[PDB]
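Q: One structure, as structure tokens, below. Some questions next.
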Amino acid sequence: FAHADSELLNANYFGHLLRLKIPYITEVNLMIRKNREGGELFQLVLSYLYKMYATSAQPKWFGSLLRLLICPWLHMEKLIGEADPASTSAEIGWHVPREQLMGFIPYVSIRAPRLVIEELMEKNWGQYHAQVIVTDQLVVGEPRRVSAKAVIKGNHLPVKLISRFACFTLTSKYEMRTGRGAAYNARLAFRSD
Amino acid sequence: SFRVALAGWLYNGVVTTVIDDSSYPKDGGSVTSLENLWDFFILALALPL
Amino acid sequence: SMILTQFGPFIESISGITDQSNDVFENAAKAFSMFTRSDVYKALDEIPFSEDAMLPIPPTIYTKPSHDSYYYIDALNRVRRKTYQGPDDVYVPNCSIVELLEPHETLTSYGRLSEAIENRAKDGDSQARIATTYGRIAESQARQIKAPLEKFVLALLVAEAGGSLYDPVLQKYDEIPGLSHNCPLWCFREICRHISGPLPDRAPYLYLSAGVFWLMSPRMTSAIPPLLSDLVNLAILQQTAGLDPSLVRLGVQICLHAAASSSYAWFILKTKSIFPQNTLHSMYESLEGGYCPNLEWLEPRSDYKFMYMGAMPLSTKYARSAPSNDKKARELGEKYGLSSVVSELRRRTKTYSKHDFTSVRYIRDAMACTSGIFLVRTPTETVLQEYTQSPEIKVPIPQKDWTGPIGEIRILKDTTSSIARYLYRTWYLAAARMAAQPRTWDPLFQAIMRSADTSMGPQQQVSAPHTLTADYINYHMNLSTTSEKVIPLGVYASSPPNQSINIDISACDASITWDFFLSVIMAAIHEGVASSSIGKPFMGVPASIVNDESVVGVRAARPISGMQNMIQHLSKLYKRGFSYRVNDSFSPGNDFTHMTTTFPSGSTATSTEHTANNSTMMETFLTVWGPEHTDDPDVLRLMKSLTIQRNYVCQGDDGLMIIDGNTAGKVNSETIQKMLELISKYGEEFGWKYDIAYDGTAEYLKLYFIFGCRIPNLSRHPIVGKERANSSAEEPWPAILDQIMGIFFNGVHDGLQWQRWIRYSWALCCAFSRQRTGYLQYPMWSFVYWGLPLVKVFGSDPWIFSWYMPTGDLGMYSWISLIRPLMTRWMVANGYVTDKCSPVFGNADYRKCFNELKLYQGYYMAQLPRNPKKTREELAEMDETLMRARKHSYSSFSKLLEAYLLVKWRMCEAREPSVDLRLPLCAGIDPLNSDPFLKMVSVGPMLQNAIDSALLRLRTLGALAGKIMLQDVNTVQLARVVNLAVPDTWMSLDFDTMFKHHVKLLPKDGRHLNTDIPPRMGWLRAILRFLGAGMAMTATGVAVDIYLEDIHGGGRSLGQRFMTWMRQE
Amino acid sequence: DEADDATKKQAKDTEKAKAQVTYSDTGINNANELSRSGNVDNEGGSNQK
């Protein structure tokens, strides 16, 4: 999230820039909420400061993001549903060779019908290279995990490289299945069943 | 400059309201110029207050 | 005396004593290859140095702690550095280097970067990437030179061994302090000895094509290879410019503080404005006398038509009325420990009180002492220093003063309260007036104008109408841009009654964004175009449609024109920003992408619209924001008297504003400062940070004037300095002579001490002549073909020609036609007689004399291409082609030069002068610099292609296209048919008046009946003008009025030879 | 000086950079305008002591 337009532009943010608004009156929201930690009118003044700090570009109707977020997934279960969880799902992620001294972090996760993931087994996932720093302790009651850090070197992933027929998640943290870890020239690996 | 001009009608023997210098045509002005005609128009419309 | 015993007969040839010859040139060039690098320092060990060269070199240069605390590794795993003093401390630091070295074979003492560290860096070690980053950037900083420095120092030792010279004009010797009184060479000797110490072979680094080698000692730091290239420039310029040594010692002292600093290049970046600030920005606190020019520019002021009308003396009232300098100029020295330099400059500057050549040469010699090096840093910090800044808008335009979108464009309602409506209406009127032109609508012109990311080592298809309406503002609406005539602008603007304000915009690429400028501009172009163009498509984009919410009543469909369809597709590109991609070869594992709002550096269309945006905001400053924000009606009266058509000139980011003199004298110099504060306040409201300057001078396109002065910047380009951006190897050997000629022709335009400068140019010219492949070698006449004047040949007077002589066949015509009755005597003076008489040289065999002296072979060998055009075997092909010209014996010159040599001229009487002698026109040139001082007064300074070739080729031979057949053009265009051009040297003079009036094609005693040009083929006159004006410029001294005397074969049969050359092509 | 100070207070109250309604530098020559100060006493003499 970001308050103003220029807050993501003066800081050299990398990513898709989305200018959004909701159909509500944002002003009278600022008088309903207590526990605001300061002046209750001061935050309305601070809202005006951010509204004037931004550039004069037209925002684009928060439903334009929310339909992308919900509606492909809801349409997916009407035809992917109860085929098999083993062979409708697949995941993209970075792959390190086994020859290490003391691995597959996930990048996206794809759910599709059988023919689509069979069409996803080709379209080779080389020409994509990162540098994975992988060193952490186990943190939660789920199995062995190390919160790694991957920095993509080459070009980023096109969407028509994936499909028009296969839904995929948009956000993901990084972890792999003790010891240490250093800079590894990782590559991608499409796994499925 | 309009509302103070209205308020100055009440106080005549103390303060007097004039149109400022450099609201007139620059350098005397000439009829042959386009800008000085509109400057005279603005000035002659604003004077009677 | 070692150099004397080695180079006896050559130094006398280039000092005016003995005649120049090819065999002495080649026997010297045999020895120039045969020098060890230690031999140069052995030759430096023997010269006795005086007491006024000795100054304390600090001990702290040699002991610098290593580079581990300087760099680090950022997140995203790219290497950076942490800065210690200031956020711009991103240059190369100075540390101990020797610990990262392994020695070369064949010689123990010199090492390079070790292969194990780059292996582990390619593997991905943390420290090894930092170490190879530092090693590669130190190599790239040390590499920025043209040739190894020992060759330049050796050329200095050869050229300046002939003692003082003699002037044929002033009839006396010159007084220039010799090598004993030369402080940069004393320091260059002491540093290079103290590095080595007990170790022999005494060269701190050697220079090769791909990489360098370092002397393996703890005394070696990274600051030394820029420091030595910095000292060699001052050691040459102290000789060949006649610098005062009291300024050269300060110039060396600042460089020693730079080497003793934390970083070298960063200190020079922060200290690059000491010499002009103390000297040039503080001249004439008390003015008492001197002459100044009297220009005026003619009344259609957009034409920039100037006129010189005499010169008047100065008066007492024209002193420096500009504000003071002391409070910040002393502060700059007190911050960096240079108060002993700054106070030394100020107390010496305060002693000049008259405007003559002396005080002008003081400014030249003070500006020369700045260090011209090329700042070196990695691209991965060049980007993240330059492209991370952003403009700050202190007064943005409110959200009420916009409507809803027309597609992706919001329009600006004209009832806004901000200043942006004046920006809006100029671009709107510009688009509305360019769309109504008939030329933008035939398909041929659209095809002609047809004819993602960007990186560093397709925007031009859709960003057309922005550029197309920028050109209309620059050339039709406000003709303030001068996009050759920049000189008389500043000579008027630097005069006594008028002042000038040097306005420069900082960060012109980071200046304009979508916040204030691009949104209003793309709203204006989307509306000015849609009136004239309705449905009519552009080149390749069709018409379209997009919804709108212009009025808040309803929404509707409103079809898009097709020319504004590009505005629709292009504003979404400008709305987000640009994407860059980097990969430096100076640090491995460093390869990423980056998102900015800035523009690319050196595009073409990125200049024109910035100039339009400069002039528009300056006009709305002088019109609206000016009177609305100030008291003090002197300032109001000053603002209401000037407009940008009458006084404002801009070419890029920078601008120049001229405030003329009134009847009462000059303008009060305090109200000008009160207006300067308002310019600085005006820039803050929309993001521009002006770099305004008011001292009494004029700065425009980096040219420095004071009272109309033509001050050259000697340190604008160095001698031994060359830019290298990549890490790739350079071109092979026979293309270095182009840069050596570049050194010479750049020394021409700066007013060097000309006997010293030609004499040093000979030493370089003979040093760069031989290379291993029998070896390759150019004779000395091959360089005379390239525009290099001579000293004393064929038994003539010494110092007899000038460097204003042209190059090529027009150059070869002139000195031969001046020296010919002496040359034909010198040939017969040793057994070169034949029986028949030639029409040129008489009874002497010029063919055998020129073959044995190898003049022909140099003449044809200089015309070989120096470009190894599209491997070492192609280099060997070019070498065999170049050797074949030397082995072949020749019969005569080219057909053009032989057709030239039938024309004889005469020097009857000198012309009346064109300008005052006591007027200082140009800096550096004075009666002490005798020959340019005579040429520039006698001629006068300039104060006022394949199609054109081939159509004249077919027109002069017997054969717009209906217009050319009968008209004529001037001489400089009509005489390009035989490829004659006015050379680079004559550009700062008045060749037009000399061609038009003072070269007569008619003898003084009437008509000799031999010089009869027919009424047919009257194009010959335009070439005879050049052949006349050659010798009237090559002969040193006064440019003389020249009359035609003889054409041997007749004027009718003269041009038939030119027609044979035109048939032969 | 009182006219200049009142013009600056006028600018501060209207909240601009320049006061639109100015008191000094009008078109009227007012070189004979005296005001009350501490230089003269109640008698006619100067107040240097």
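Residues in the structure tokens are named by chain (A, B, ... in the order shown) and by number from 1 within that chain; ligands are numbered from 1 in the order shown.
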Can you list every residue in chain D that DSSP puts in helix (DSSP H, G or I), as a ChimeraX atom specification?

A: /D:2-14

Q: Just write the chosen residues, N, CA and C atoms, as a PDB file, in the first residue's frame.

A:
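After the write, result_31.pdb holds the following:
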```
ATOM      1  N   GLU D   2       6.249  53.914   8.672  1.00  0.00           N
ATOM      2  CA  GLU D   2       4.962  53.410   9.127  1.00  0.00           C
ATOM      3  C   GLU D   2       4.097  52.935   7.971  1.00  0.00           C
ATOM      4  N   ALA D   3       4.179  53.607   6.819  1.00  0.00           N
ATOM      5  CA  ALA D   3       3.477  53.143   5.629  1.00  0.00           C
ATOM      6  C   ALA D   3       4.022  51.811   5.137  1.00  0.00           C
ATOM      7  N   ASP D   4       5.345  51.639   5.163  1.00  0.00           N
ATOM      8  CA  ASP D   4       5.941  50.360   4.778  1.00  0.00           C
ATOM      9  C   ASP D   4       5.548  49.231   5.725  1.00  0.00           C
ATOM     10  N   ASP D   5       5.557  49.497   7.035  1.00  0.00           N
ATOM     11  CA  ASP D   5       5.170  48.478   8.004  1.00  0.00           C
ATOM     12  C   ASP D   5       3.695  48.123   7.895  1.00  0.00           C
ATOM     13  N   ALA D   6       2.839  49.108   7.626  1.00  0.00           N
ATOM     14  CA  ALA D   6       1.430  48.813   7.434  1.00  0.00           C
ATOM     15  C   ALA D   6       1.160  48.074   6.135  1.00  0.00           C
ATOM     16  N   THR D   7       1.954  48.319   5.091  1.00  0.00           N
ATOM     17  CA  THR D   7       1.841  47.527   3.870  1.00  0.00           C
ATOM     18  C   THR D   7       2.263  46.080   4.105  1.00  0.00           C
ATOM     19  N   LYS D   8       3.311  45.864   4.902  1.00  0.00           N
ATOM     20  CA  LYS D   8       3.713  44.493   5.210  1.00  0.00           C
ATOM     21  C   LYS D   8       2.675  43.772   6.062  1.00  0.00           C
ATOM     22  N   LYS D   9       2.050  44.476   7.008  1.00  0.00           N
ATOM     23  CA  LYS D   9       0.983  43.860   7.790  1.00  0.00           C
ATOM     24  C   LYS D   9      -0.249  43.593   6.935  1.00  0.00           C
ATOM     25  N   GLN D  10      -0.506  44.459   5.950  1.00  0.00           N
ATOM     26  CA  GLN D  10      -1.560  44.228   4.968  1.00  0.00           C
ATOM     27  C   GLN D  10      -1.312  42.965   4.165  1.00  0.00           C
ATOM     28  N   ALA D  11      -0.062  42.746   3.747  1.00  0.00           N
ATOM     29  CA  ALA D  11       0.288  41.519   3.042  1.00  0.00           C
ATOM     30  C   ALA D  11       0.137  40.294   3.928  1.00  0.00           C
ATOM     31  N   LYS D  12       0.518  40.403   5.202  1.00  0.00           N
ATOM     32  CA  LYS D  12       0.385  39.270   6.113  1.00  0.00           C
ATOM     33  C   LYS D  12      -1.076  38.945   6.403  1.00  0.00           C
ATOM     34  N   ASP D  13      -1.938  39.961   6.471  1.00  0.00           N
ATOM     35  CA  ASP D  13      -3.353  39.714   6.727  1.00  0.00           C
ATOM     36  C   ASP D  13      -4.071  39.172   5.498  1.00  0.00           C
ATOM     37  N   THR D  14      -3.743  39.679   4.305  1.00  0.00           N
ATOM     38  CA  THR D  14      -4.312  39.111   3.088  1.00  0.00           C
ATOM     39  C   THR D  14      -3.705  37.759   2.741  1.00  0.00           C
TER      40      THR D  14
END
```

Q: When you look at segment 94-99 of chain A with a cut-off of 6 Å (counting only C-alpha atoms), what residues show up, excluding the ones that are within fewer than 3 positions of it in the same chain? I need them as a PyMOL selection string.

A: chain A and resi 103-105+186-188

Q: For segment 842-859 of chain C, list every protein, DNA or RNA residue within 9 Å, evaluated using only C-alpha atoms, and leave out those in the same chain fewer than 3 positions away; present the list as a PyMOL selection string.

A: chain C and resi 21-23+778-785+824-825+827-828+831-839+862-863+885-893

Q: Could you write out the selected residues, including N, CA and C atoms, as an mmCIF file, in the first residue's frame?

A:
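What ended up in selection.cif:
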```
data_model
loop_
_atom_site.group_PDB
_atom_site.id
_atom_site.type_symbol
_atom_site.label_atom_id
_atom_site.label_comp_id
_atom_site.auth_asym_id
_atom_site.auth_seq_id
_atom_site.Cartn_x
_atom_site.Cartn_y
_atom_site.Cartn_z
ATOM 1 N N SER C 21 65.382 18.620 -42.586
ATOM 2 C CA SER C 21 65.662 17.625 -43.603
ATOM 3 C C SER C 21 65.009 16.321 -43.194
ATOM 4 N N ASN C 22 64.838 15.439 -44.173
ATOM 5 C CA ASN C 22 64.154 14.187 -43.897
ATOM 6 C C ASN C 22 65.068 13.200 -43.191
ATOM 7 N N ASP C 23 66.360 13.211 -43.521
ATOM 8 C CA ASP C 23 67.260 12.212 -42.960
ATOM 9 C C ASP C 23 67.510 12.450 -41.477
ATOM 10 N N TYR C 778 56.720 7.309 -40.977
ATOM 11 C CA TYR C 778 56.234 8.406 -41.804
ATOM 12 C C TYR C 778 57.334 9.443 -41.980
ATOM 13 N N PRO C 779 57.572 9.935 -43.191
ATOM 14 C CA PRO C 779 58.510 11.048 -43.363
ATOM 15 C C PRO C 779 57.889 12.347 -42.880
ATOM 16 N N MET C 780 58.730 13.367 -42.738
ATOM 17 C CA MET C 780 58.268 14.603 -42.121
ATOM 18 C C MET C 780 57.373 15.437 -43.024
ATOM 19 N N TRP C 781 57.327 15.157 -44.321
ATOM 20 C CA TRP C 781 56.443 15.877 -45.224
ATOM 21 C C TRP C 781 55.007 15.387 -45.153
ATOM 22 N N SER C 782 54.807 14.149 -44.703
ATOM 23 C CA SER C 782 53.467 13.624 -44.475
ATOM 24 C C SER C 782 52.735 14.403 -43.395
ATOM 25 N N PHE C 783 53.466 14.975 -42.443
ATOM 26 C CA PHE C 783 52.838 15.807 -41.429
ATOM 27 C C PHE C 783 52.653 17.239 -41.903
ATOM 28 N N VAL C 784 53.504 17.702 -42.820
ATOM 29 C CA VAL C 784 53.323 19.024 -43.409
ATOM 30 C C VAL C 784 52.060 19.040 -44.256
ATOM 31 N N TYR C 785 51.730 17.905 -44.880
ATOM 32 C CA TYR C 785 50.440 17.764 -45.554
ATOM 33 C C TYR C 785 49.258 17.895 -44.600
ATOM 34 N N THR C 824 64.295 26.572 -56.328
ATOM 35 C CA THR C 824 64.953 26.251 -57.590
ATOM 36 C C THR C 824 66.410 26.688 -57.604
ATOM 37 N N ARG C 825 66.805 27.577 -56.697
ATOM 38 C CA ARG C 825 68.210 27.878 -56.504
ATOM 39 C C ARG C 825 68.888 26.815 -55.657
ATOM 40 N N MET C 827 68.087 23.680 -55.381
ATOM 41 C CA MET C 827 68.240 22.431 -56.126
ATOM 42 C C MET C 827 69.516 22.443 -56.961
ATOM 43 N N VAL C 828 69.727 23.518 -57.723
ATOM 44 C CA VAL C 828 70.937 23.708 -58.513
ATOM 45 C C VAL C 828 72.165 23.860 -57.619
ATOM 46 N N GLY C 831 73.906 19.928 -57.658
ATOM 47 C CA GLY C 831 73.876 18.961 -58.754
ATOM 48 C C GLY C 831 72.536 18.405 -59.183
ATOM 49 N N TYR C 832 71.489 19.220 -59.186
ATOM 50 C CA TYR C 832 70.178 18.716 -59.571
ATOM 51 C C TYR C 832 69.702 19.429 -60.826
ATOM 52 N N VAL C 833 70.528 19.487 -61.854
ATOM 53 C CA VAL C 833 70.220 20.269 -63.044
ATOM 54 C C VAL C 833 69.849 19.338 -64.186
ATOM 55 N N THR C 834 68.760 19.655 -64.879
ATOM 56 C CA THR C 834 68.441 19.041 -66.156
ATOM 57 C C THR C 834 68.503 20.107 -67.241
ATOM 58 N N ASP C 835 68.373 19.674 -68.496
ATOM 59 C CA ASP C 835 68.578 20.607 -69.599
ATOM 60 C C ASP C 835 67.327 21.424 -69.903
ATOM 61 N N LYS C 836 66.159 20.796 -69.899
ATOM 62 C CA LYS C 836 64.930 21.515 -70.184
ATOM 63 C C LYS C 836 64.485 22.314 -68.967
ATOM 64 N N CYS C 837 63.789 23.419 -69.220
ATOM 65 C CA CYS C 837 63.241 24.238 -68.150
ATOM 66 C C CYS C 837 61.774 23.885 -67.951
ATOM 67 N N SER C 838 61.407 23.615 -66.718
ATOM 68 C CA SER C 838 60.008 23.416 -66.399
ATOM 69 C C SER C 838 59.325 24.775 -66.279
ATOM 70 N N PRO C 839 58.008 24.847 -66.502
ATOM 71 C CA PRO C 839 57.307 26.119 -66.276
ATOM 72 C C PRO C 839 57.145 26.474 -64.813
ATOM 73 N N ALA C 862 50.481 10.412 -46.962
ATOM 74 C CA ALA C 862 49.561 11.050 -46.034
ATOM 75 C C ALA C 862 48.107 10.930 -46.463
ATOM 76 N N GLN C 863 47.841 10.604 -47.725
ATOM 77 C CA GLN C 863 46.469 10.454 -48.188
ATOM 78 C C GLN C 863 45.922 9.049 -47.982
ATOM 79 N N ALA C 885 53.351 2.475 -50.620
ATOM 80 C CA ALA C 885 53.492 3.876 -50.995
ATOM 81 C C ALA C 885 54.909 4.379 -50.762
ATOM 82 N N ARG C 886 55.604 3.836 -49.764
ATOM 83 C CA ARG C 886 56.976 4.249 -49.514
ATOM 84 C C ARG C 886 57.952 3.585 -50.478
ATOM 85 N N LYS C 887 57.670 2.363 -50.920
ATOM 86 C CA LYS C 887 58.598 1.731 -51.851
ATOM 87 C C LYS C 887 58.440 2.228 -53.282
ATOM 88 N N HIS C 888 57.271 2.745 -53.647
ATOM 89 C CA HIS C 888 57.045 3.192 -55.013
ATOM 90 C C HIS C 888 57.671 4.564 -55.234
ATOM 91 N N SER C 889 58.378 4.718 -56.348
ATOM 92 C CA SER C 889 58.924 6.011 -56.729
ATOM 93 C C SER C 889 57.941 6.741 -57.631
ATOM 94 N N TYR C 890 57.885 8.058 -57.479
ATOM 95 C CA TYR C 890 56.815 8.875 -58.022
ATOM 96 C C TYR C 890 57.358 9.857 -59.047
ATOM 97 N N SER C 891 56.470 10.311 -59.930
ATOM 98 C CA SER C 891 56.833 11.207 -61.021
ATOM 99 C C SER C 891 56.483 12.661 -60.753
ATOM 100 N N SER C 892 55.311 12.935 -60.188
ATOM 101 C CA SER C 892 54.847 14.306 -60.011
ATOM 102 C C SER C 892 53.826 14.342 -58.882
ATOM 103 N N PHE C 893 53.253 15.523 -58.662
ATOM 104 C CA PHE C 893 52.171 15.678 -57.700
ATOM 105 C C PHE C 893 50.857 15.239 -58.337
#
```

Q: For residue 637 of chain C, list every protein, DNA or RNA residue within 10 Å, evaluated using only C-alpha atoms, and leave out those in the same chain fewer than 5 positions away; present the list as a ChimeraX atom specification.

A: /B:22,26 /C:627,632,642

Q: For atom CA of residue 293 of chain C and atom CA of residue 310 of chain C, determine how far apart the two atoms are, in Å to one decimal place.

A: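 If I compute the distance from atom CA of residue 293 of chain C to atom CA of residue 310 of chain C, I get 6.6 Å.
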
Q: Separation of atom CA of residue 1042 of chain C and atom CA of residue 1002 of chain C, in Å?

A: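 Value for the atom CA of residue 1042 of chain C-atom CA of residue 1002 of chain C distance: 9.8 Å.
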
Q: Kindly provide the residues of chain C that approach chain A to within 6 Å, each paired with its closest atom pair and their distance in Å to one decimal, based on only C-alpha atoms, listed by chain and increasing number, as JSON lines.

A:
```
{"residue": "C:76", "atom": "CA", "partner": "A:151", "partner_atom": "CA", "distance": 5.7}
{"residue": "C:515", "atom": "CA", "partner": "A:55", "partner_atom": "CA", "distance": 5.0}
{"residue": "C:595", "atom": "CA", "partner": "A:12", "partner_atom": "CA", "distance": 5.7}
```

Q: Next, write the just-selected residues to a file, as a CSV table (one decimal), in the first residue's frame, keeping C-alpha atoms as the atom set.

A:
```csv
chain,number,residue,atom,x,y,z
C,76,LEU,CA,20.2,-6.8,-4.0
C,515,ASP,CA,3.8,16.4,-11.7
C,595,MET,CA,13.1,2.9,-12.4
```

Q: Can you work out the spacing between atom CA of residue 638 of chain C and atom CA of residue 488 of chain C in Å, to one decimal?

A: 24.0 Å

Q: Using only C-alpha atoms, which residues sit within 12 Å of residue 162 of chain A once same-chain residues fewer than 2 positions away are excluded, as a list in words?

A: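 Returned residues: residues 90, 91, 92, 108, 109, 110, 111, 112, 116, 117, 119, 120, 121, 122, 123, 124, 125, 157, 158, 159, 160, 164, 165, 166, 167, 168, 169 and 190 of chain A.
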
Q: Do a neighbour search on residue 662 of chain C at 12 Å with only C-alpha atoms, toss out local chain neighbours closer than 2 positions, and write the hits as a ChimeraX atom specification.

A: /C:496-499,638,641,659-660,664-668

Q: As a PyMOL selection string, please: the residues near segment 165-174 of chain C (cut-off 8 Å, only C-alpha atoms, same-chain neighbours under 4 positions excluded).

A: chain C and resi 15-16+755+798-800+930-931+1037

Q: Keeping only C-alpha atoms, take the residues you just selected and write them out as a short mmCIF file (atom, residue, chain, number, x, y, z; two decimals), in the first residue's frame.

A:
```
data_model
loop_
_atom_site.label_atom_id
_atom_site.label_comp_id
_atom_site.auth_asym_id
_atom_site.auth_seq_id
_atom_site.Cartn_x
_atom_site.Cartn_y
_atom_site.Cartn_z
CA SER C 15 64.81 25.89 -33.36
CA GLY C 16 65.45 27.88 -36.54
CA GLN C 755 57.32 29.46 -31.57
CA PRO C 798 63.90 30.96 -39.92
CA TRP C 799 60.34 31.14 -38.57
CA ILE C 800 58.94 32.15 -41.92
CA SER C 930 53.27 38.52 -32.57
CA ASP C 931 51.82 36.58 -35.50
CA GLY C 1037 53.02 39.04 -40.43
#
```

Q: For chain D, which residues have at least one atom within 12 Å of chain B, if we go by only C-alpha atoms? Write them as a ChimeraX atom specification, please.

A: /D:10,14,19-29

Q: Could you pull out all residues of segment 2-184 of chain A with a DSSP call of strand (DSSP E or B) and give them as number ranges by chain?

A: A: 89-92, 94-95, 104, 108-111, 132-133, 146, 149, 167-168, 176, 184

Q: How about saving the chosen residues, C-alpha atoms kept, as a PDB file, in the first residue's frame?

A:
```pdb
ATOM      1  CA  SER A  89      -1.710 -28.173  -9.009  1.00  0.00           C
ATOM      2  CA  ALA A  90       1.871 -27.250  -9.833  1.00  0.00           C
ATOM      3  CA  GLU A  91       4.315 -24.639  -8.652  1.00  0.00           C
ATOM      4  CA  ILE A  92       7.112 -22.519 -10.084  1.00  0.00           C
ATOM      5  CA  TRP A  94      13.898 -21.447  -7.773  1.00  0.00           C
ATOM      6  CA  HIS A  95      16.008 -24.609  -7.744  1.00  0.00           C
ATOM      7  CA  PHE A 104      13.214 -25.532  -3.914  1.00  0.00           C
ATOM      8  CA  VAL A 108       4.267 -18.755  -7.801  1.00  0.00           C
ATOM      9  CA  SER A 109       1.702 -21.535  -7.481  1.00  0.00           C
ATOM     10  CA  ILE A 110      -0.438 -22.576 -10.449  1.00  0.00           C
ATOM     11  CA  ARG A 111      -3.698 -24.525 -10.469  1.00  0.00           C
ATOM     12  CA  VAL A 132      19.609 -16.926  -3.362  1.00  0.00           C
ATOM     13  CA  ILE A 133      20.929 -16.128   0.109  1.00  0.00           C
ATOM     14  CA  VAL A 146      14.734 -20.998   6.179  1.00  0.00           C
ATOM     15  CA  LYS A 149      16.301 -13.926  -0.073  1.00  0.00           C
ATOM     16  CA  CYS A 167      -4.741 -18.989 -12.507  1.00  0.00           C
ATOM     17  CA  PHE A 168      -1.734 -18.173 -10.338  1.00  0.00           C
ATOM     18  CA  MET A 176      12.863 -23.771   1.408  1.00  0.00           C
ATOM     19  CA  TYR A 184      23.691 -19.628  -5.251  1.00  0.00           C
TER      20      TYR A 184
END
```

Q: So, with only C-alpha atoms as the atoms that count, which of C:927, C:9, C:636, C:707 lies closest to chain B?

A: C:636
